[PDB]
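First residue of the first sequence: 73, per the UniProt record's numbering; consecutive thereafter.
Below: the structure, in structure tokens.
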Amino acid sequence: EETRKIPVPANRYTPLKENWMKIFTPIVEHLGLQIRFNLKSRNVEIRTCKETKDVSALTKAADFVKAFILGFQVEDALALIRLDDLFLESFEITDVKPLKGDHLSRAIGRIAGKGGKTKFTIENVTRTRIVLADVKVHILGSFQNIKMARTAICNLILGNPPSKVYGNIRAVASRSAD
RNA sequence: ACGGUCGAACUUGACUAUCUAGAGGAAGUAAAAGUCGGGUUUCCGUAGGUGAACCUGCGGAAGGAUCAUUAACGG
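Right, here's the structure in full:
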């Protein structure tokens, strides 16, 4: 029996505690994996028991809990539980353009937009989920959808206004046999 | 008449300033319906790319649209 341990930061302890039943129930019910949260090591531990139905379910659960810790909602990583062709690609915001200080903050703003609206628009077009950590961007979706979302985000964080980005991603989504 | 003094003005070169004729050159204008025919958020300073514009490099600005998380840490 093998196990996987994944860490949790201090800012994700309370979301883990509130959503704990919605996390451990799908892992143990139909995947059949033991789960605990070590408070000393601050780790979510997932284990294979005799009740595990099939191999690689523990990898599925590990991706689910890792996606929840990175900042995604519990149902958007339950999508990683159910679907097979889903991945979790992430990058830093300074990876494409060296931005210092206030400029960097403005880049973060034009991933969000007003009220988060711009971000949601990309999530509507690329069919992905984007999480903005403090200087990090995480995309959950299919491989081509991750490519479209990262193209939109990289276009946003090197200077393009949101309307041009919307038009470009709508043209690409029309061309992508969606 | 010698000499001294005040000194107009005259001649010669330089510095000039003004007035006044000009062969020629480079132009433009009116007359010829004569001949041939897509990219960009907005900038600043410096440098290069054929002068400017524009593009790129380097360093700066916003005069550019912040969503989500963050009470435990004791045995």
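Virtual Cβ for every residue (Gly too), placed ideally from N, Cα, C.
Check                                                                                                        : Outcome
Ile153 beta carbon less than 8 Å from that of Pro98                                                          : yes
Enclosing beta strand (DSSP E) for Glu147 [first to last residue]                                            : That residue, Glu147, is in no beta strand (DSSP E); its alpha helix (DSSP H) goes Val146 to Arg154.
DSSP-derived helix/strand/coil call for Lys132                                                               : helix
Spatial distance of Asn232 from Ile183 (CA atoms)                                                            : 11 Å
Selection from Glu195, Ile218, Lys112 and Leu105 that minimises the alpha carbon distance to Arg119          : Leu105
Complete runs of the alpha helix (DSSP H) confined to the segment 215-248 [at least 4 residues]              : 215-228 and 234-247
Segments of 3+ residues assigned as beta strand (DSSP E) that fall wholly inside the segment 149-201         : 159-164
Within 8 Å, strictly: CB atoms of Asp126 and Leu160                                                          : no
When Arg84, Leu204 and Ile194 are compared against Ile180, the one with the closest alpha-carbon             : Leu204
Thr200 beta carbon less than 8 Å from that of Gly213                                                         : yes
Check whether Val197 and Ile241 have beta carbons under 8 Å apart                                            : yes
Enclosing alpha helix (DSSP H) for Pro98 [first to last residue]                                             : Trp92 to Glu101
Outcome for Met93 when other beta-carbon atoms lying within 10 angstroms are tallied against a minimum of 16 : exposed
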